[PDB]
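Note: the block below is entry.txt and it holds compact mmCIF, C-alpha atoms and all ligand atoms.
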# COMPACT_ATOMS: atom_id res chain seq x y z
CA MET B 1 -17.93 89.24 -16.64
CA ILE B 2 -20.79 87.31 -18.23
CA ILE B 3 -21.04 83.67 -19.25
CA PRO B 4 -19.14 83.06 -22.52
CA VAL B 5 -21.19 82.06 -25.53
CA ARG B 6 -18.92 79.22 -26.66
CA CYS B 7 -16.53 76.94 -24.82
CA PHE B 8 -13.00 78.12 -25.55
CA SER B 9 -11.47 74.72 -26.24
CA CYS B 10 -13.98 72.88 -28.43
CA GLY B 11 -16.72 75.41 -29.20
CA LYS B 12 -19.84 73.97 -27.61
CA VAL B 13 -22.45 76.62 -26.85
CA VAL B 14 -22.55 77.02 -23.06
CA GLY B 15 -24.01 80.52 -22.94
CA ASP B 16 -27.61 79.29 -22.70
CA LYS B 17 -27.02 77.07 -19.65
CA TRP B 18 -26.13 79.61 -16.96
CA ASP B 19 -29.70 80.16 -15.78
CA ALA B 20 -30.47 76.44 -15.83
CA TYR B 21 -27.26 75.76 -13.90
CA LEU B 22 -28.22 78.28 -11.22
CA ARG B 23 -31.73 76.83 -11.01
CA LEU B 24 -30.32 73.34 -10.54
CA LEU B 25 -27.90 74.49 -7.85
CA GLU B 26 -30.81 76.22 -6.12
CA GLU B 27 -32.65 72.89 -5.75
CA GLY B 28 -29.75 71.36 -3.79
CA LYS B 29 -28.10 69.39 -6.60
CA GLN B 30 -24.33 69.07 -6.40
CA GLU B 31 -22.18 70.90 -8.94
CA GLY B 32 -21.07 67.70 -10.66
CA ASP B 33 -24.64 66.42 -10.89
CA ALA B 34 -25.85 69.79 -12.15
CA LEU B 35 -23.19 69.82 -14.87
CA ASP B 36 -24.05 66.23 -15.80
CA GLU B 37 -27.75 67.05 -16.04
CA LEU B 38 -26.97 69.79 -18.58
CA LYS B 39 -25.13 67.24 -20.76
CA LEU B 40 -21.65 68.73 -20.33
CA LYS B 41 -19.42 65.67 -20.73
CA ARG B 42 -16.00 67.01 -21.69
CA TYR B 43 -14.16 68.68 -18.82
CA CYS B 44 -13.14 71.50 -21.15
CA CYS B 45 -16.81 72.51 -21.19
CA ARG B 46 -17.29 71.80 -17.49
CA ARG B 47 -14.57 74.26 -16.49
CA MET B 48 -16.38 77.03 -18.39
CA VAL B 49 -19.50 76.86 -16.22
CA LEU B 50 -17.75 75.67 -13.07
CA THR B 51 -15.15 78.45 -12.88
CA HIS B 52 -17.18 81.36 -14.25
CA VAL B 53 -17.40 84.41 -11.99
CA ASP B 54 -20.41 86.66 -12.65
CA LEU B 55 -19.17 90.23 -12.40
CA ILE B 56 -21.96 91.94 -14.33
CA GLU B 57 -24.13 91.68 -11.22
CA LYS B 58 -21.60 94.04 -9.61
CA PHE B 59 -21.38 96.44 -12.56
CA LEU B 60 -25.17 96.73 -12.69
CA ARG B 61 -25.31 98.06 -9.13
CA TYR B 62 -23.90 101.40 -10.29
CA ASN B 63 -26.43 104.07 -11.20
CA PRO B 64 -26.79 104.35 -15.01
CA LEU B 65 -25.01 107.32 -16.53
CA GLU B 66 -28.01 108.39 -18.66
CA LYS B 67 -31.79 108.54 -18.45
CA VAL H 395 -31.26 97.02 -2.08
CA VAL H 396 -33.81 94.90 -4.01
CA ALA H 397 -31.28 92.28 -5.08
CA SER H 398 -31.78 90.45 -8.35
CA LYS H 399 -33.02 86.87 -8.48
CA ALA H 400 -29.66 85.49 -9.62
CA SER H 401 -27.83 87.18 -6.73
CA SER H 402 -30.32 85.82 -4.18
CA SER H 403 -29.98 82.32 -5.62
CA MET H 404 -26.19 82.62 -5.49
CA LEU H 405 -26.37 83.72 -1.84
CA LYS H 406 -28.52 80.70 -0.95
CA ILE H 407 -26.14 78.37 -2.79
CA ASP H 408 -23.18 79.93 -0.98
CA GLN H 409 -24.78 79.46 2.44
CA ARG H 410 -25.62 75.82 1.70
CA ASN H 411 -22.15 75.11 0.32
CA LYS H 412 -20.45 76.76 3.30
CA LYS H 413 -22.44 74.62 5.73
CA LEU H 414 -21.80 71.43 3.75
CA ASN H 415 -18.07 72.16 3.49
CA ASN H 416 -17.76 72.97 7.19
CA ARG H 417 -19.39 69.63 7.97
CA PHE H 418 -17.75 67.29 5.46
CA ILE H 419 -14.19 68.64 5.54
CA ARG H 420 -14.15 68.51 9.33
CA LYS H 421 -15.54 64.97 9.31
CA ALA H 422 -12.91 63.82 6.79
CA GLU H 423 -10.10 65.44 8.78
CA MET H 424 -11.32 63.75 11.97
CA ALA H 425 -11.44 60.43 10.13
CA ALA H 426 -7.89 60.88 8.83
CA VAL H 427 -6.25 62.06 12.05
CA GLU H 428 -7.32 59.03 14.09
CA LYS H 429 -5.97 56.69 11.41
CA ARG H 430 -2.68 58.60 11.37
CA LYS H 431 -2.60 58.35 15.17
CA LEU H 432 -3.15 54.59 15.37
CA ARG H 433 -0.42 53.98 12.76
CA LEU C 97 -35.28 61.08 5.58
CA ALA C 98 -32.01 60.69 3.67
CA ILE C 99 -29.24 58.16 3.06
CA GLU C 100 -28.29 58.36 6.75
CA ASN C 101 -31.75 57.21 7.86
CA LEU C 102 -31.40 54.13 5.64
CA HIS C 103 -30.56 50.89 7.40
CA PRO C 104 -26.81 50.10 7.39
CA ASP C 105 -27.44 46.79 5.62
CA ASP C 106 -29.61 48.58 3.06
CA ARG C 107 -26.82 51.15 2.71
CA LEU C 108 -24.54 48.20 1.94
CA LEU C 109 -26.94 47.38 -0.91
CA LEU C 110 -26.03 50.76 -2.47
CA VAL C 111 -22.94 49.59 -4.38
CA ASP C 112 -21.46 51.73 -7.13
CA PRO C 113 -21.72 49.87 -10.50
CA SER C 123 -16.36 58.90 0.81
CA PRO C 124 -15.48 62.60 0.87
CA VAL C 125 -11.88 63.77 0.66
CA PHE C 126 -10.63 66.75 2.63
CA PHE C 127 -9.10 68.54 -0.39
CA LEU C 128 -12.20 68.82 -2.62
CA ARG C 129 -14.17 71.85 -1.49
CA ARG C 130 -17.61 72.77 -2.76
CA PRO C 131 -17.41 75.98 -4.81
CA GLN C 132 -18.60 79.29 -3.37
CA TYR C 133 -19.30 82.76 -4.75
CA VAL C 134 -19.11 85.24 -1.84
CA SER C 135 -16.04 83.83 0.01
CA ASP C 136 -15.51 85.57 3.38
CA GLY C 137 -13.63 88.36 5.12
CA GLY U 153 -8.20 134.55 20.10
CA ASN U 154 -10.27 131.72 18.65
CA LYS U 155 -10.09 128.89 16.12
CA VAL U 156 -7.38 130.09 13.74
CA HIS U 157 -6.84 128.03 10.60
CA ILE U 158 -3.30 126.66 10.37
CA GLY U 159 -3.51 124.31 7.39
CA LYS U 160 -5.14 121.36 5.68
CA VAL U 161 -4.09 117.78 6.44
CA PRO U 162 -4.70 115.12 3.77
CA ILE U 163 -7.08 112.38 4.90
CA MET U 164 -6.40 108.68 4.45
CA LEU U 165 -9.33 106.94 2.79
CA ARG U 166 -11.61 104.73 4.92
CA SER U 167 -9.96 106.08 8.08
CA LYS U 168 -11.93 107.54 10.98
CA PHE U 169 -12.02 111.03 9.44
CA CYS U 170 -12.96 109.92 5.93
CA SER U 171 -16.46 110.51 4.59
CA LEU U 172 -16.70 106.84 3.53
CA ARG U 173 -16.31 105.42 7.05
CA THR U 174 -20.09 105.72 7.33
CA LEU U 175 -22.53 105.33 4.36
CA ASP U 176 -23.09 101.55 4.58
CA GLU U 177 -23.12 99.39 1.44
CA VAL U 178 -25.92 100.96 -0.61
CA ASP U 179 -24.72 104.57 -0.46
CA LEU U 180 -21.22 103.41 -1.37
CA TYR U 181 -22.59 102.60 -4.83
CA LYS U 182 -24.31 105.96 -5.25
CA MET U 183 -21.00 107.71 -4.56
CA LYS U 184 -19.37 105.62 -7.32
CA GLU U 185 -17.06 103.91 -4.82
CA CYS U 186 -16.14 100.26 -5.16
CA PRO U 187 -17.13 98.27 -2.05
CA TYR U 188 -14.02 96.14 -2.63
CA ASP U 189 -11.76 99.18 -2.24
CA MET U 190 -9.90 98.93 1.05
CA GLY U 191 -8.64 102.48 1.59
CA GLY U 192 -5.29 103.12 3.21
CA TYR U 193 -4.09 105.67 0.65
CA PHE U 194 -4.22 109.43 0.16
CA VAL U 195 -5.50 111.40 -2.83
CA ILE U 196 -3.14 114.27 -3.70
CA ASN U 197 -3.98 116.18 -6.89
CA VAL A 274 -53.91 134.51 -16.87
CA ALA A 275 -57.41 135.48 -17.93
CA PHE A 276 -59.75 134.93 -20.84
CA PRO A 277 -61.22 138.18 -22.20
CA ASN A 278 -64.80 136.95 -21.90
CA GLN A 279 -64.08 134.97 -18.72
CA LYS A 280 -62.38 136.15 -15.53
CA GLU A 281 -58.91 136.00 -13.97
CA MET A 282 -57.38 132.55 -13.47
CA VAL A 283 -54.26 131.20 -11.78
CA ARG A 284 -52.96 128.25 -13.80
CA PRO A 285 -49.90 125.98 -13.71
CA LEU A 286 -47.42 125.96 -16.56
CA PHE A 287 -48.17 122.49 -17.98
CA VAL A 288 -51.74 123.48 -18.93
CA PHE A 289 -50.45 125.28 -22.02
CA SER A 290 -49.95 123.13 -25.12
CA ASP A 291 -46.92 123.18 -27.42
CA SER A 292 -49.24 123.12 -30.44
CA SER A 293 -49.57 126.35 -32.41
CA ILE A 294 -52.58 128.64 -32.07
CA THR A 295 -55.05 128.00 -34.88
CA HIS A 296 -56.93 130.57 -36.95
CA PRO A 297 -60.32 129.96 -35.23
CA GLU A 298 -58.61 130.24 -31.83
CA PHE A 299 -57.11 133.65 -32.62
CA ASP A 300 -60.40 134.73 -34.20
CA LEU A 301 -62.30 133.79 -31.04
CA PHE A 302 -59.73 135.63 -28.91
CA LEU A 303 -60.21 138.73 -31.08
CA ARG A 304 -64.00 138.45 -30.81
CA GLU A 305 -63.79 138.16 -27.02
CA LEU A 306 -61.50 141.20 -26.90
CA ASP A 307 -63.95 143.17 -29.05
CA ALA A 308 -66.83 142.08 -26.81
CA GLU A 309 -64.92 143.31 -23.75
CA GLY A 310 -63.67 146.39 -25.59
CA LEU A 311 -59.94 145.65 -25.63
CA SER A 312 -57.27 145.89 -28.32
CA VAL A 313 -54.40 143.77 -29.65
CA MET A 314 -50.74 144.19 -28.78
CA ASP A 315 -48.98 146.76 -30.95
CA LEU A 316 -46.47 145.59 -33.54
CA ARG A 317 -43.82 147.68 -31.77
CA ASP A 318 -44.76 145.90 -28.54
CA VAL A 319 -44.72 142.57 -30.41
CA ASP A 320 -41.16 143.31 -31.53
CA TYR A 321 -40.23 144.32 -27.98
CA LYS A 322 -41.57 140.99 -26.68
CA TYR A 323 -39.71 139.10 -29.41
CA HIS A 324 -36.45 140.85 -28.54
CA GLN A 325 -37.01 140.18 -24.83
CA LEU A 326 -37.50 136.46 -25.46
CA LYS A 327 -34.49 136.29 -27.78
CA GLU A 328 -32.29 138.04 -25.20
CA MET A 329 -33.55 135.79 -22.40
CA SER A 330 -33.12 132.53 -24.33
CA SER A 331 -29.59 133.33 -25.54
CA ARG A 332 -28.44 134.86 -22.25
CA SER A 333 -25.47 133.36 -20.40
CA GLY J 28 -24.87 123.71 -29.57
CA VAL J 29 -23.48 120.46 -28.17
CA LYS J 30 -25.30 118.31 -25.62
CA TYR J 31 -23.99 117.42 -22.17
CA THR J 32 -25.00 115.08 -19.36
CA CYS J 33 -24.69 115.68 -15.64
CA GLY J 34 -22.57 113.31 -13.59
CA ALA J 35 -25.07 112.83 -10.76
CA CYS J 36 -28.67 113.32 -11.92
CA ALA J 37 -28.04 112.39 -15.59
CA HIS J 38 -29.85 115.49 -16.88
CA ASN J 39 -29.32 116.47 -20.52
CA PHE J 40 -28.67 120.10 -21.41
CA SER J 41 -26.49 122.26 -23.65
CA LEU J 42 -23.86 124.97 -23.29
CA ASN J 43 -22.84 127.95 -25.42
CA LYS J 44 -19.08 128.04 -24.64
CA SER J 45 -19.75 130.90 -22.19
CA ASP J 46 -21.92 129.44 -19.41
CA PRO J 47 -20.19 128.17 -16.27
CA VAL J 48 -19.49 124.44 -16.33
CA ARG J 49 -22.37 123.33 -14.12
CA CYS J 50 -25.52 121.25 -14.20
CA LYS J 51 -28.52 123.55 -14.43
CA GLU J 52 -30.70 121.66 -11.93
CA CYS J 53 -28.42 120.10 -9.30
CA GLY J 54 -25.31 122.27 -9.59
CA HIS J 55 -22.84 119.44 -10.09
CA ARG J 56 -19.38 120.47 -11.26
CA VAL J 57 -18.72 117.40 -13.44
CA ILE J 58 -20.48 116.92 -16.78
CA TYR J 59 -19.97 114.54 -19.69
CA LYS J 60 -20.35 114.93 -23.43
CA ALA J 61 -23.02 112.97 -25.25
CA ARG J 62 -22.36 110.25 -27.81
CA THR J 63 -21.74 111.20 -31.41
CA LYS J 64 -24.51 110.91 -34.00
CA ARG J 65 -22.25 109.23 -36.56
CA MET J 66 -22.64 105.58 -37.49
CA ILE J 67 -20.65 103.11 -35.40
CA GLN J 68 -19.89 99.75 -37.00
CA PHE J 69 -18.00 96.76 -35.63
CA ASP J 70 -16.65 93.64 -37.31
CA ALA J 71 -18.12 91.18 -34.76
CA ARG J 72 -14.83 89.32 -34.47
CA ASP O 9 -13.49 68.17 25.38
CA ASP O 10 -12.95 67.59 21.66
CA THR O 11 -9.89 67.93 19.46
CA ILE O 12 -9.13 70.98 17.32
CA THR O 13 -8.79 70.31 13.59
CA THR O 14 -7.44 72.40 10.73
CA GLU O 15 -10.92 73.68 9.86
CA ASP O 16 -11.15 75.25 13.31
CA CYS O 17 -7.83 76.99 12.69
CA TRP O 18 -9.28 78.40 9.48
CA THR O 19 -12.38 79.50 11.39
CA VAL O 20 -10.13 81.43 13.78
CA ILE O 21 -8.21 82.98 10.87
CA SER O 22 -11.51 83.98 9.29
CA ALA O 23 -12.46 85.72 12.53
CA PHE O 24 -9.11 87.53 12.50
CA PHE O 25 -9.63 88.83 8.98
CA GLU O 26 -13.24 89.73 9.73
CA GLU O 27 -12.15 92.03 12.54
CA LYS O 28 -8.78 93.40 11.40
CA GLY O 29 -8.72 93.38 7.61
CA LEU O 30 -5.70 93.53 5.36
CA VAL O 31 -4.73 97.22 5.67
CA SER O 32 -5.65 97.71 9.32
CA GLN O 33 -2.16 98.91 10.24
CA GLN O 34 -2.24 101.91 7.88
CA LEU O 35 -5.66 103.03 9.09
CA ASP O 36 -4.81 102.47 12.76
CA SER O 37 -1.58 104.46 12.46
CA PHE O 38 -3.34 107.35 10.73
CA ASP O 39 -6.18 107.38 13.26
CA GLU O 40 -3.62 107.51 16.06
CA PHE O 41 -1.83 110.39 14.34
CA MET O 42 -4.99 112.44 13.85
CA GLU O 43 -6.62 111.74 17.22
CA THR O 44 -3.73 112.44 19.59
CA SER O 45 -0.43 113.03 17.80
CA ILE O 46 -1.25 116.46 16.34
CA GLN O 47 -2.34 117.84 19.71
CA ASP O 48 0.84 116.60 21.40
CA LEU O 49 2.99 118.01 18.60
CA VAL O 50 1.33 121.38 19.17
ZN ZN F 501 -15.68 72.34 -24.58
ZN ZN F 502 -27.20 117.37 -12.45

Have the structure of the file written as structure tokens, please.
Amino acid sequence: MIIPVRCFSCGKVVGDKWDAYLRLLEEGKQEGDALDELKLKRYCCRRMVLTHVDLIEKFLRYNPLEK
Amino acid sequence: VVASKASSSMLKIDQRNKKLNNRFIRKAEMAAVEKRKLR
Amino acid sequence: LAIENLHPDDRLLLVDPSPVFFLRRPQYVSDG
Amino acid sequence: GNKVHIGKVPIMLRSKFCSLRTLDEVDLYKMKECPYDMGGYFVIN
Amino acid sequence: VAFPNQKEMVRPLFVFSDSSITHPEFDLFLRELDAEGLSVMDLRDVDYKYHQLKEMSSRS
Amino acid sequence: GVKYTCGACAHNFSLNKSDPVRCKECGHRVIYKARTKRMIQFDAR
Amino acid sequence: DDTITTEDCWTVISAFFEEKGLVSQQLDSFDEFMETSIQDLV
């Protein structure tokens, strides 16, 4: 739904690296190189950013219920 | 629509990745099939 | 220019101190 | 003798006679319909 | 609407202010009415207006 | 006495248990209650 | 010409799913029923 704050397995904070990851991918870097540049060594952390699906961008497209 | 910046970036990444996959996977398959043929 | 435009002998100088068909690059929109 | 009303036939969603066949992508959100919904079912009660 | 001293005016609704009418404002309105030679609404008519507004606001 | 919110235009209003269930300004038939004024506390776990 | 690989087969399958969809049979059957079947039943 939205990038988790901590890696499930170990507990490293990965919630502050989603925007940087997208910026790096925008510049043409490969996914492995982008994850390496963010200093994500353990594959337990790498799966958190690699396999995250961002669904909040789909929930936000609905008109807000209040105003 | 006025899509958000993250969505536009994701769309660009998806287009690039689709093109790169369509090239590299096809090239690897062509490389493998000729080797399997000559064996 | 890129790695392809490099001379083949100079490419041979790039030695690690090939793609495989079953490792796709991740996507987000898929297709259909 | 003219158009006499004989009944009401339930409409399959996303079919040719459904209101969602048109409306594009943007208006599908204003109607609170998921664009991933595929139709093919009826709504009875 | 119309000021007593001034003439008739057609105004939109938002021109009025939610703030209460002050003592000098009502005094000036009374002085303008006296200058024109007009009177103030009767207390019976004031009660009739109050009942009309209460009926209208609580109507279903 | 209790607030309500329209389902289409998100307009706040109130009802007196005798008005028809309807938005005053767009005539929508579906309205929602507003959130309670009580304190809401969570354990952050 | 040139040989056809697996990726071309997946391109063709993608075209199939782009046109038809996954529930095309339900919608096609219902459209056929509404367009012509009711009139013939009458
Ligand atoms: Zn970890
Ligand atoms: Zn409304």

Item to complete: Pull out every residue of chain A that has at least one atom within 12 Å of chain J, counting only C-alpha atoms, and report them as a PyMOL selection string.
Response: chain A and resi 330-333

Worksheet entry | Within 10 Å of ligand ZN 502 (chain F), counting only C-alpha atoms and all ligand atoms, residues as number ranges by chain | J: 32-40, 49-58

What's the 12 Å shell around stretch 300-313 of chain A, counting all atoms listed in the file, without same-chain residues fewer than 6 positions away, as a tab-separated table (two decimals) with C-alpha atoms, in the frame of the given file?
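Full text of out_6.tsv as output:
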chain	number	residue	atom	x	y	z
A	275	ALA	CA	-57.41	135.48	-17.93
A	276	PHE	CA	-59.75	134.93	-20.84
A	277	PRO	CA	-61.22	138.18	-22.20
A	278	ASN	CA	-64.80	136.95	-21.90
A	279	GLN	CA	-64.08	134.97	-18.72
A	280	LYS	CA	-62.38	136.15	-15.53
A	294	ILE	CA	-52.58	128.64	-32.07
A	319	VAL	CA	-44.72	142.57	-30.41

Item to complete: Just give me the gap between atom CA of residue H:419 and atom CA of residue C:110 in Å, one decimal is fine.
Response: 22.9 Å

Worksheet entry | Exercise answer, 9 Å around ligand ZN 501 (chain F) with all atoms listed in the file, as JSON, numbers by chain | {"B": [6, 7, 8, 9, 10, 11, 12, 13, 14, 40, 41, 42, 43, 44, 45, 46, 47, 48]}

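You will find atom CA of residue C:97 at 27.1 Å from atom CA of residue H:402.
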